[PDB]
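*Asks:* Sequence first, structure after, both from an experimental entry:
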Amino acid sequence: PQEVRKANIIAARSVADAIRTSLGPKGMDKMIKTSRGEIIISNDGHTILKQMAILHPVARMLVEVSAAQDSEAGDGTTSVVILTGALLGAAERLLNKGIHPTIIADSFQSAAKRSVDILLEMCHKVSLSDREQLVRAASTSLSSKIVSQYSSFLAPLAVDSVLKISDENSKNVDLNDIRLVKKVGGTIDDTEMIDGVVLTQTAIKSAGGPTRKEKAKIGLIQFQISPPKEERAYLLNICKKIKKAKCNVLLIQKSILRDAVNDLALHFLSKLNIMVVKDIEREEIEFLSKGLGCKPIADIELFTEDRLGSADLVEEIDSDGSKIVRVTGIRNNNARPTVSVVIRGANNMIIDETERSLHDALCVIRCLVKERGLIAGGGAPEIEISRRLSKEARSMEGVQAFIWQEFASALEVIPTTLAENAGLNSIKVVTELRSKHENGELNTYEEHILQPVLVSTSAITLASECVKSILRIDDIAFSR
Amino acid sequence: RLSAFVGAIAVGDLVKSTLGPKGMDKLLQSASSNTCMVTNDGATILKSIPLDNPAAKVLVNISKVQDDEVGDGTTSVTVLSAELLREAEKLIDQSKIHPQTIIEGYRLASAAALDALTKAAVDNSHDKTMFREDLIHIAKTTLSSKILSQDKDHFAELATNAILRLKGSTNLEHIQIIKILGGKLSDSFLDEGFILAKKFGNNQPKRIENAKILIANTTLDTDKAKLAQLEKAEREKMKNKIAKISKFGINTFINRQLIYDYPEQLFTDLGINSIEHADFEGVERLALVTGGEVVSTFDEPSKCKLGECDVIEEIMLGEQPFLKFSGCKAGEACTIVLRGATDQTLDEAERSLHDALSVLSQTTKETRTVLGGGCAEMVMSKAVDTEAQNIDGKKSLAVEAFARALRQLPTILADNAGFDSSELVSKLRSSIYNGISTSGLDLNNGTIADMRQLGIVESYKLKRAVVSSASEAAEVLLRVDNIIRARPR
Amino acid sequence: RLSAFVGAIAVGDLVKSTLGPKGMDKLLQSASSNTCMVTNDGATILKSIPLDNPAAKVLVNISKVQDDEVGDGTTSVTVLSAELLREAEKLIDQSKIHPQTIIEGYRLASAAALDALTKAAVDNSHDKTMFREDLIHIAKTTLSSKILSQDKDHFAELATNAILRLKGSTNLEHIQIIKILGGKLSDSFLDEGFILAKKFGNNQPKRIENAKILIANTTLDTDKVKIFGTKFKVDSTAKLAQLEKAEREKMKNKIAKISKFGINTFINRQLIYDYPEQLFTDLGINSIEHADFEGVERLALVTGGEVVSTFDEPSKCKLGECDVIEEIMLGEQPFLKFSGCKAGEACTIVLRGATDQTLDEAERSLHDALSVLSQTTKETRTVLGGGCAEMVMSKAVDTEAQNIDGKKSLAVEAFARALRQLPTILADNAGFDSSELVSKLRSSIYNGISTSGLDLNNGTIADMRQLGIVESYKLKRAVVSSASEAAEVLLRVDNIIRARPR
Amino acid sequence: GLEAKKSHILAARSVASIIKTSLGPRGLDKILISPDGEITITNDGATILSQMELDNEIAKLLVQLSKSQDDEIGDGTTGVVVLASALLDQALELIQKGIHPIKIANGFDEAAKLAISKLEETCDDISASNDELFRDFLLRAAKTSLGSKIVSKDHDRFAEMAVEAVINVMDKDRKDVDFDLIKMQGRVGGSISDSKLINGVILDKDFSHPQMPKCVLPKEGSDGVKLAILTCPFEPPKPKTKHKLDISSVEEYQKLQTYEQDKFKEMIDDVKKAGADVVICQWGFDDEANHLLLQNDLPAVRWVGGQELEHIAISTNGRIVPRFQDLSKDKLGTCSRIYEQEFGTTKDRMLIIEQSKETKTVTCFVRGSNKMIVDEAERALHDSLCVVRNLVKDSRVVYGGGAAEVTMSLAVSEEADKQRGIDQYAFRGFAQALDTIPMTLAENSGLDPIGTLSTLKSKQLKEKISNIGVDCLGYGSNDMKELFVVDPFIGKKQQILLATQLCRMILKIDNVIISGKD
């Protein structure tokens, strides 16, 4: 049965072989040829595993580890794959010594749990009340992007949006609270933070559309305005039930089957000055039902006043072909800290990479909200944990004592790979950092390089069950 | 003869690593490769994997009936059934003993194993508080080998306190399993108010007092300018049925099928809750909890029993409306709501909890328990060798081989945990041999400690079905000397 | 390890059918195909068959030591050593047991096997007639597996009464084996008269009274004392005859010194020259020729003679005597039966076979049977054999297995099953069912009341004492010992390195 | 290039893996087939490396390791190769990391001298203070090395033979022990418990006449016992190849009869001139020589080996005299008593030449019941003579058997972080290389080598740094300090020295050129 486990380790270590070359901004790119013939290149570790089209199922688990790494911490998807391959490489020599993989899996349980308590000892607790610490953390984290000049002004704007979800008492902090919407026109330095929900769609372009309303009600309506399948009388009766409830703003779900709202019904609502926003995606339905606290309405008989929302002012602002529609003045008890950020830019390639650059900035701040405190990166926490476990290995007993020594040696791949990808000598840099490690602990602080704790915390947690679930598979049989 | 032995061992070799909490998980893959899943359940692995050996399908079909009777220990039955047939190879090649004599030898050997658990069964009727701790130890053994083993320490009192609130028939229809995404597994709570996630009505009060629950099955949709006379005629015909419902004096109405707007609108002015989309499983649960009846005759009120509930409250949890009843009749039933991380974890926890509560349901009628953790198989192993004093010539090696097959379960269990199966099992027999039988195999520290202090016990009825069904299933496959397959169509 | 374990089993599987009276004979054939001989001897099969396995050569040299002490039971030692190695494959591979633990397991198991035979050993000092019957039953088990089993009922009192006539050291030099063609095997008899296969003198009287046996070693061909260093140089044939007369001239003075001893019988190791052989007749001296080293040692244990290397004086020497020397004619060859010796401790057994091939198998059969009976004089305790001995020792193995460590538990328990492998093969060679028959005995021997044992004749369970099947205590303690040490040598070798041959 | 540092390490581990299971008291034996057909069985690595014949120069370095280790010490010859194999395995992993071979060699050299200073502080003294305390620990020290041989049966009685033999050949002031002073001797037959120690040379000889006296009397208070060693027999001279002397007439026939008759007493009278009792010669004697020496109580021995004559001349202060005219009273042997003592029922009937005063050499006496038992008992006692030689030379001793390798490995890992150099990687590899010995021994005892290594490390921290016994010796429990198990310090110091220096020379060879044979 070891032939299956031995093949699973070799196939998994072969994955991280090319990942170690792409680690860091100075890393080496990897070539990937899709089955369709498209040639793509990039240094992103998560992109490599997505287009790799892995066959063997055990190696496919590394994709789920990188997916959960970005879904929570948002950074370190390349390093978590290398850390997993290090534990698998050390586990190969464990089988040659007569150690059963169950003891290997049970030893990683106490190794991962004790590593968290040790990680909290070296961590320096910070406070969310200090804005200067959050701005410099997000600004210097954008040094991996093409434009450094426009990355400085976006740091304080991203911190002020988190201050609403930054309240002391909290449980679930999700990035969906801040909706990033990109628009054509303007520059990067011009950004406005809206206090209410903002959609991606414009307003009625035909004649008669008010496009602006004060003291309006907004609610989700899943219905569709179409002739019955005399035609204007059926479309008017639908509009008469809405006029009785005094609903100023209507929302129609996007449906590719038939037309959303007929042009004859748009002219009928133009006299009543009722704004209608069509082409509503399913992703925006769950976003409006939370902040506004409204309810989806499937049919016309389900439309009532109690299921609608409240909005103080609804207007359409057009700046350089923008025509963006914003909503303010919710004034609802069910309202939550929902933040809307408008992204502006000239070229299409600008608002694309710039928006994706802001997601990584919000992930780093999200790490500090869930777990407070920060630690200077660059291999400092990896060497600190590896040295302390060397002394604790002498205090253990049994077969595990040999595993504690091999577990600490597996953490040395992180400082070694960073030294190799940067062109510096592997042995010369690693021995030099460990030399001064007897006195200095975390000393990278002057270079403003700070790695959040959740990245180092999730890297140990995800790799604990990953490596565990691998060795626990003693065979693979075809089942259909 | 070779195809039946190898075919049975190949089935046992698949689940041999899934036995015990320290066991290993088997991975499966289909042609699409996107359906691959990781589960240690023997019922999922055996049913999914196709086999070309018809003799191997007999052991799988027998395990299907055994899985529905208990739900726990199905893997141990499949392995034990393979150990009897695996040891039969030495009973033939180097022995040359008649197979039916070996079959008759298992019957005499199984009788000694049943009497061993009977003499070792110890139950305490007095001090029911101490009996609650016994159910806690049994619940920890059922949650083993499954993803719930993380929080099982907190889940021990969850399943224990739930069964103690029944006090009645062993039927499991009084317990409903609800799985909602979000939150840690330890956040699950126990509620006896019959939580229901199906919302009824458009505009209805979230709280109502002095409500009477009644079950009814009828079609309110269809019967059986010109269309206006037919639609109004159906409302007048169904109006007499609603008048009979108003004579029931009930403040709550439940229909199995859908409900038209006109009979639902009349329920609002009368203060009656209109409940729809009740499946067949919900009707059987509401009958044994709320004390309802089908009520198939509307021709006159007071032909059926009426239910009562103090408060019907609606709560919002997990981004979905829920129904929490309060102050019902015969509230002995309970509902367990588990909070998982993902849908993949929910599928493994559901069946694991359903099989765990199935064993605890039999613990109410059966108070006798035995010591687990490898100690049960060691006690029965000596009782087989004790009866070997009086035995026939050809039945001597057949009965003796049954005692060594009982020690194969802790041997494989020690191999799955990574410990030494030769050192631990051998030293365990020496202490149990003469006097003072307490300690058993421990899968944590690696030594032999007391199973009573660690809280590892097993039910008498659960362990009896393992030794019984496996001994009977092994005699069927060994008895068959020929396989005849017809032309497949 | 794969070649040593499997290679040792293949060696034991060849001689496994030669154990027991119901066993089978193994046939061997060489390249010339004319040397084929059917024999049940385990020592002949192992030594003749060449083997390239270095581990198999270890049991060959060990079997030579076991054959020198007793000469029987050598097959059971090889089979028992092979069963321990066959079960060791299951103890190593699937049982997770270190090989050194298996070696230490046999050490603790060997102590329990010796203690079982000690408590079961019962001897009777009083009523020596009952002790004579025990020697009869032991001789029946030694003569088993051989053609002599036909007349073994008559041969039972032949070997029993022969040992009782020794009364002295256990050395086998007292009993001499003589084999003459013709007559049935039942015609053999016991004779203490020291039958000799060689005659004496050219023409001399057969019956001799008041003879004095004197053992002497001298060269009678060209006998000269301190005359060496000179040759015969002659220029003619007539001159050579003058120097040849000095041979008898110096011999006449040599015979005169020997004739002063006053002996009626002379014994020499070498041949005798023509003239003194005729001169001894006139002097009454009877010279004996063709006396080997074995014949001289047998005479020193009866009359007490000496080499007598000093002929220079009749005194300072020891001489023997005998009352009557009678010469008889049997099997067309002169024989010499002595009579009237002084406390004769020597016996002579003359076996009469049909062919030379039958006599070849009877030689080692009688020699190995009398070697075991000779050791029974020092140790009178006997045990019950016939499969019952190995069954009683199996209980003592499981008795000490109650309190034992983890790694040594399965190693000692495997030794208990190996003890039952010996009667298992015995039941297969007899034609019975080893499964059912042996299992019926273990049920009775399990708790108390151990008397009866396996019977290979009627097919039922009968008492070994009533059937007359017993074994010596000294023979079984040597088998359990040597076989245990023989298995440990092969378990201590995990690798073999052979040097480059020249 | 790359293939240089690969095949050399792989071939060294394959050859050394044979003697890994043979190192210990429980170590497995081997079968060494001689080219003549004789099969030898021994667990010692010194004989294995000498028996193995191969053309690979990598494994020949391990053979030369035990060559100088046997003559200098003769104890750790089996373990010095296994210890050197551990340094090659740890160095192979360092090569893949990019570490130069000299950096690995310099790392083992600095770690070797550092481990000696830590071990030198923990040694204890035995011969100090009471001198009787030395022989107390020395008596039980030889019993440890005899547990892996058949000698372990009677080893309690056999432990007194090696102790009393070194005392007679060594002085407290000189402290000199030579293996040539102790002659190896063994005999087949009888029982092993009858083996004793003789204060002088003891051979196995048989008299030509049965009536010769088995004991030599002092003959009214003479000076010692005079023994003459000559290369020519006393008898009329005769050729040893062919004689063929033809006599033409009776004249020369009667002359040679009178001449040779008178030469009988003339050759015997030469013994009375020197006044010697026992006469040892290379060639036999005539019948008259046995009769004349019988009445004078002068025993003679024939067919004596040439090598055995040198040992007699050293102990008895004798000389080799070529002829009978060169004899004198100063060349005769000197000994107190010569007698023939019978041992059991054996017909050998050897002779015992005693001394009763302290000499510079002794001769051991060993008996056995079988051939292989004699050869095993001689080699078992040969290593015991090497242990007692190192204990008397250096009073400072340290414990062994797997306890010292664990203690010495802990001091290296602590000082590795203080160096802050490149050799720090080689320091941790050197610490793990020392941990290979207790793991290798644990594999022969049937225990987990990983669990046993962790057990020895945990018990030496919270208790004390003193050595703790190992179950590999088959005793009741650990802590050999109570069982008086002592190993020499100079033997362990030279074992870790040559093993470390050999690993350096392997890395210093980057090319191996193997040509044909002539």
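*Replies:* Thanks, I have the structure now. Numbers count the residues shown, from 1 in each chain, chains lettered A, B, ... in the order given.
*Asks:* distance of the residue in chain A that chain C sits nearest to from residue D:449?
*Replies:* Among the residues of chain A, residue A:98 lies closest to chain C, at 10.5 Å counting by Cβ to the nearest Cβ. C-beta: built from backbone N, CA, C; applies to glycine. Distance, residue A:98 to residue D:449, using Cβ to Cβ, to the nearest Å: 8 Å.
*Asks:* so where does whichever residue of the stretch 101-250 of chain D sits closest to chain A fall, helix or strand?
*Replies:* Closest contact between the stretch 101-250 of chain D and chain A, by Cβ to the nearest Cβ, is at residue D:103 (9.3 Å). Element membership for residue D:103, per DSSP states H and E: helix D:101-120.
*Asks:* from the chain's centre, how far out does that helix sit?
*Replies:* From the chain centre to the centre of helix D:101-120 is a distance of 31 Å (Cα atoms, centre = their mean, to the nearest Å).
*Asks:* And stretch A:2-17, by the same measure?
*Replies:* Put simply, stretch A:2-17 sits 29 Å off its chain's centre (Cα atoms, centre = their mean).
*Asks:* Past the longest helix seen in chain D, which element shows up next along the chain?
*Replies:* The helix that spans the most residues within chain D, counting by DSSP state H, is helix D:250-274. Toward the C-terminus, helix D:250-274 is succeeded by strand D:278-281 as the next helix or strand (DSSP H and E).
*Asks:* Give me the contact list for that next one.
*Replies:* Outside strand D:278-281, the residues that touch it by Cβ atoms under 8 Å, 6 or more residues apart in numbering or on different chains are D:216, D:225, D:227-234, D:271, D:293, D:298-302, D:304, D:309, D:312, D:333, D:338.
*Asks:* what about residue A:418, how many neighbours?
*Replies:* Residues lying near residue A:418 (other Cβ atoms under 10 Å in any protein chain shown) number 24.
*Asks:* whoops, I mixed them up, residue B:116
*Replies:* The burial count for residue B:116: 21, using other Cβ under 10 Å.
*Asks:* ditto for residue A:140
*Replies:* That count, for residue A:140 with other Cβ under 10 Å as the rule, works out to 18.
*Asks:* so it touches residue A:449, yeah?
*Replies:* Yes. The pair residue A:140 and residue A:449 passes the contact test of Cβ atoms under 8 Å, sitting 7.1 Å apart.
*Asks:* Chain neighbours aside, what residue packs nearest to the residue in chain A positioned nearest to chain B?
*Replies:* Closest residue of chain A to chain B, Cβ to the nearest Cβ: residue A:100 (3.3 Å). Using Cβ to Cβ, 6 or more residues apart in numbering or on different chains and skipping the chain neighbours, the partner closest in space to residue A:100 is residue B:418 (3.3 Å).
*Asks:* Spit out the contact partners of the one you found.
*Replies:* Taking Cβ under 8 Å, 6+ apart, one finds A:99-103, A:106, B:22 in contact with residue B:418.
*Asks:* try residue A:232
*Replies:* A:264, A:268.
*Asks:* Apply 6 Å and report the result again.
*Replies:* Listed by Cβ atoms under 6 Å, 6 or more residues apart in numbering or on different chains, the contact partners of residue A:232 are residue A:264.
*Asks:* how about the helices in the stretch 251-400 of chain D?
*Replies:* Using DSSP state H, counting those that start in this stretch, the helices of the stretch 251-400 of chain D run over D:287-295, D:306-315, D:371-393.
*Asks:* Format these as a markdown table; extra columns: mean neighbour count and distance to chain A.
*Replies:* As requested, those are exported to a markdown table (neighbours: other Cβ atoms under 10 Å in any protein chain shown; distance: least, Cβ to the nearest Cβ, whole Å):
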| stretch | mean neighbour count | distance to chain A |
| --- | --- | --- |
| helix D:287-295 | 17 | 72 |
| helix D:306-315 | 16 | 52 |
| helix D:371-393 | 19 | 32 |
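*Asks:* ok, now which ones touch the nearest residue to residue A:411 once chain neighbours are set aside?
*Replies:* The shortest distance from residue A:411 to any non-neighbouring residue, by Cβ to Cβ, 6+ apart, is to residue A:386 (4.2 Å). Residue A:386 makes contact with A:408, A:411-412, according to Cβ under 6 Å, 6+ apart.
*Asks:* For the helix or strand harbouring residue D:89, buried residues please.
*Replies:* Secondary structure from DSSP H and E places residue D:89 in helix D:77-96. Neighbour-count burial for helix D:77-96, counted by 16 or more other Cβ atoms under 10 Å in any protein chain shown, picks out D:77-92, D:94-95.
*Asks:* any residues touching that helix, and which ones?
*Replies:* D:5, D:9, D:12, D:16, D:19-20, D:23, D:44-46, D:62, D:65-66, D:69-70, D:104, D:425, D:429, D:432-433, D:436, D:495, D:499, D:502-503.
*Asks:* what is the orientation angle of that helix with helix D:101-120?
*Replies:* Angle of helix D:77-96 versus helix D:101-120, following axes from the mean of the first three to the mean of the last three Cα atoms, to 10 degrees, is 130 degrees.
*Asks:* got the residues of chain D near chain C?
*Replies:* Within reach of chain C by Cβ under 6 Å from any Cβ of the partner chain, chain D has these residues: D:18, D:21, D:26, D:28-29, D:31-33, D:35, D:51-53, D:245-248, D:256, D:446.
*Asks:* try it again with 8 Å
*Replies:* D:18, D:21, D:26, D:28-35, D:39, D:41, D:43, D:48, D:51-53, D:210, D:236, D:238, D:243-248, D:253, D:256-257, D:260-261, D:287-288, D:370, D:444-446 (Cβ under 8 Å from any Cβ of the partner chain).
*Asks:* Filter these down to just the ones in strands.
*Replies:* D:29-33, D:39, D:41 (DSSP state E).
*Asks:* nearest spatial neighbour of the residue nearest the centre of chain D, skipping sequence neighbours?
*Replies:* In chain D, the residue lying closest to the centroid (Cα atoms, centre = their mean) is residue D:382, at 2.9 Å. In space, residue D:382 comes closest to residue D:184 once its chain neighbours are excluded; the distance is 6.9 Å by Cβ to Cβ, 6+ apart.
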